[PDB]
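Heads up, the chain shows up twice below as structure tokens, two forms, tagged structure 1 and structure 2.
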Structure 1
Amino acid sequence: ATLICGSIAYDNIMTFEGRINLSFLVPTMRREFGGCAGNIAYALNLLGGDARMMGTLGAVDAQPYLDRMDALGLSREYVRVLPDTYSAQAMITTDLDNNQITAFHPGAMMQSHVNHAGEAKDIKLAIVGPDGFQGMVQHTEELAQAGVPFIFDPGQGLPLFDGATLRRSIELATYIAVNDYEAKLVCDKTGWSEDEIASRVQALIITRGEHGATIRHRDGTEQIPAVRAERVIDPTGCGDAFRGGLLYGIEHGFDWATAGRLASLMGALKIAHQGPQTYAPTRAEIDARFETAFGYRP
């Protein structure tokens, strides 16, 4: 199984019909299931992987997410629901041109360190994604002492790290996945160059938006092509769908060329739909699309 550590949240995707006491009218709001862990586990589950979400919800409003996990067949064994607490929510204000500004209200995510990654059974692989700060650190420590290889994916939690804690997390990590902005930020905060970050992991994966991705590993760098999206509706969750694809690859022994292409394809499917988890390809569809884009079958 794969252990998916990160936020579990409701996303409120608010649309500003355009692009000091200033208001912006947002006539439409759409509520969606989100959170980094929920999004990545959704992607891995689409592929037929066995995803075990580890994260915290708040009892006040956890139930829809729990019912959705049950409907999807996603195990709830490491999802802790905290009494008298609200679930994390992302207030995602989006304009005309898909740019976004999020106010994230962490709620129960602030207590994510109540879950201990080192107690999880039959975990072969993990990811440590954006979450409560204490929980992110704790999971990297417990997975390393447990000998479970993990992707470190600090994402929106990067500003909670200082130099020392971020360098330590990279030492412990087996892989790192980031976008280019985040790669720069990791470089700046650690005082390490990109070469030096890459030297400390089996692979450093950098997504390049609509232009595919780069996978740097010890003796080479893979350039991963993008896949042309069928329509561009909403980027929220693209990174996470990519990461679901990448983890499926790693767990199933794919080479980096293939793992990266699968991850690129999941990103491209995601962007054609509103919200992080409303794309719903079948595994047969994913295989056919992979062949159409790349000329071979995973």
Structure 2
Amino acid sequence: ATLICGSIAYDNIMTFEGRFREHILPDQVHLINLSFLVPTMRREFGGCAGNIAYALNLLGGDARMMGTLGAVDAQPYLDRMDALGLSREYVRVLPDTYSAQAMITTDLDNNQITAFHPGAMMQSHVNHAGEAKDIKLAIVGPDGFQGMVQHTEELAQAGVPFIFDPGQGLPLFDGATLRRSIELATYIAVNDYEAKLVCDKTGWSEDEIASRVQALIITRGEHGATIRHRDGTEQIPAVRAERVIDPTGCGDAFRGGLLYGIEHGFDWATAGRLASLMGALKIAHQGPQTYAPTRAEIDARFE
């Protein structure tokens, strides 16, 4: 099985049928005390653990989420996991906390207010990667900082091969902990720019990073991807999209495709293309987890 260590999040998408600006009051200190009804408040399913697990599930793989939700608002995702046949074993629900979530409100003129609450994601380290069962492969993506660090350590202790994917959590890393995570890692995935940040932060050249992992995966997105291994470098081409609707989640779809390749028999040339294709399949849809290709639709679109 594949142990997907990452954050589990909701995006609450809210619409204000009105205009924010018409609600500043002319008080000595500008007053705003706006309340508005959101009867069609949307629940978008997110977080990288969720996104990748969803992508690995569609491929026919066996995905195991290790992430933390909040008891205040866990049920919807728990319900969704069960209906998708996803294991909830390593999904810990913590009391008196909210799940990781963004609140996104747009008015009629398309002005936006975004509040992110980290929530249950900041206590993801209560889930210990090593103390599991039947894991052949993992991934560590963006999560609460402590969780990310602990997972890398415990996955190595247990001897599990794992993709280190610091993602948007990369700015929290210093020279030393980034250097440490790379050595313990078996693979690493980043985009072209993050690869550059990693070089700049570690003080190691790309060559030096490569020698410390079985593969270094650099996604260029719309210009494709690259996979640097022992024998050399695969040049993964970009997959032609049906349409561009929402780029949000493509990276995680790409990873879902990638993790299927490693766990199964596929070489880096096929696995890299599998990844690429997953990124193109999600983009033609709104949200991270709305695209739902059947497996036969994936291998037909592969050839």
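By convention here, residues take numbers in order along the sequence of structure 1, the first being 1. Between two forms, the rigid core is defined as the largest C-alpha subset superposing within 1.5 Å.
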(request) Using a core superposition, identify the member of 214, 93, 111, 75 whose Cα displacement between structure 1 and structure 2 reaches 2 Å or more. (result) 93
(message) After a rigid core superposition, would you say the CA of residue 280 moves by 2 angstroms or more between structure 1 and structure 2, or not?
(response) no
(message) Checking residue 48 here: with the core superposed, does its CA move 2 Å or more between structure 1 and structure 2?
(response) no
(request) Indicate whether residue 31 shows a C-alpha shift of 2 Å or more between structure 1 and structure 2, with the rigid core used for the fit. (result) yes
(message) Relative to the superposed core, report the C-alpha shift of residue 195 between structure 1 and structure 2 in angstrom.
(response) 0.9
(request) Having superposed the rigid core, state how many Å the Cα of residue 14 shifts between structure 1 and structure 2. (result) 7.6
